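Peer 1: Below you'll find the structure I mean.
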Amino acid sequence: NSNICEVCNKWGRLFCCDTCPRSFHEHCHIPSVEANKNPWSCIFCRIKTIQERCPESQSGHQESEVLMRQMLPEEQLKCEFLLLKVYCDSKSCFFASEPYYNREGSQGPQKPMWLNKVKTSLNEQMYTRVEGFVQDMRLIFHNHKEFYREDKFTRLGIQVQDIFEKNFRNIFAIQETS
Ligand SMILES: [Zn+2]
Ligand SMILES: [Zn+2]
Ligand SMILES: [Zn+2]
C-alpha cells in the first residue's frame, strides 16, 4: 500500500485499503474509516464495484434526472466520493472551514457554505435528493465569486468548481456534450 494519504498526501496514522493500494487518514476518508471490518474496502473500491455490478450505469445521463434522484445508499456513496474528490485538491483548504466576510466594498453572502458543513450534512443524512448536495456544493463557489468580485482570488473558486464539475460529470456519468 501507499505510505501517504490519498486525499491530503501526508504520512501519519494511515488505514490501508485491502482491495487497492490506497491509504487514508481516518477522517480524510469519507465516510470516516470504519472501526472494525477486515477486509476493508475504500470508497474508490466501493464505487468501482457499483460500476462493475451495473455496467449500464456508465451510459450517459441528463443532469436534471440525476439531481432528482433520492439519496438511497448508492447515491449517498456517490455524493461522498464526489465530496472526497474535491478534498483531494489542495485548493480545497480555502473552502473547508467556516468563512467570514469583512472586505471593503463587499457584503457577505446570505447563505454561507463550506465543505465541512456539507461533510456533516451528508454524515447526518440531511439531504433527501442529490440536488440538495449539488446545490450546497455549487453555492460554495458561487458565494466566493460574488464576494471577491474583481480580486484575482476569485479564481480559486473557478478552479475548485472545475474540479467539482468534472468529477460530478464522471461519477454520475453525465452525457458528454460540446
Ligand atoms: Zn489525509
Ligand atoms: Zn481501495
Ligand atoms: Zn446488471
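Numbering starts fresh at 1 for the residues of each chain in the C-alpha cells, the chains themselves are lettered A, B, ... in the order given, and ligands are numbered from 1 as they appear.
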Need to verify the contact set: residue 87 in chain A, 9 Å, only C-alpha atoms, exclusion of same-chain residues closer than 2 positions in sequence. Can you return it as a PyMOL selection string?

Peer 2: chain A and resi 7-8+28+82-85+89-93+96+115

Peer 1: Based on DSSP run over this structure's backbone, return all residues of range 3-142 of chain A in alpha helix (DSSP H), as an MDAnalysis selection string.

Peer 2: chainID A and resid 43:53 63:68 73:87 93:96 115:123 130:142

Peer 1: Residues at most 10 Å from range 73-81 of chain A, counting only C-alpha atoms, excluding those fewer than 3 positions away in the same chain, as a VMD selection string?

Peer 2: chain A and resid 29 to 31 43 to 44 46 to 47 50 66 69 to 70 84 to 87 118 to 119 122 to 123 125 127 to 130 133 to 134 167 to 168 171 to 172

Peer 1: Could you give me the residues within 8 Å of ligand 3, counting only C-alpha atoms and all ligand atoms, as a VMD selection string?

Peer 2: chain A and resid 53 to 56

Peer 1: Out of A:4, A:14, A:156, A:45, which residue has the shortest atom-to-atom distance to ligand 2 when counting only C-alpha atoms and all ligand atoms?

Peer 2: A:45

Peer 1: Neighbours of ligand 2 within 6 Å, counting only C-alpha atoms and all ligand atoms, as a ChimeraX atom specification?

Peer 2: /A:17,19-20,22,41-42,44-45
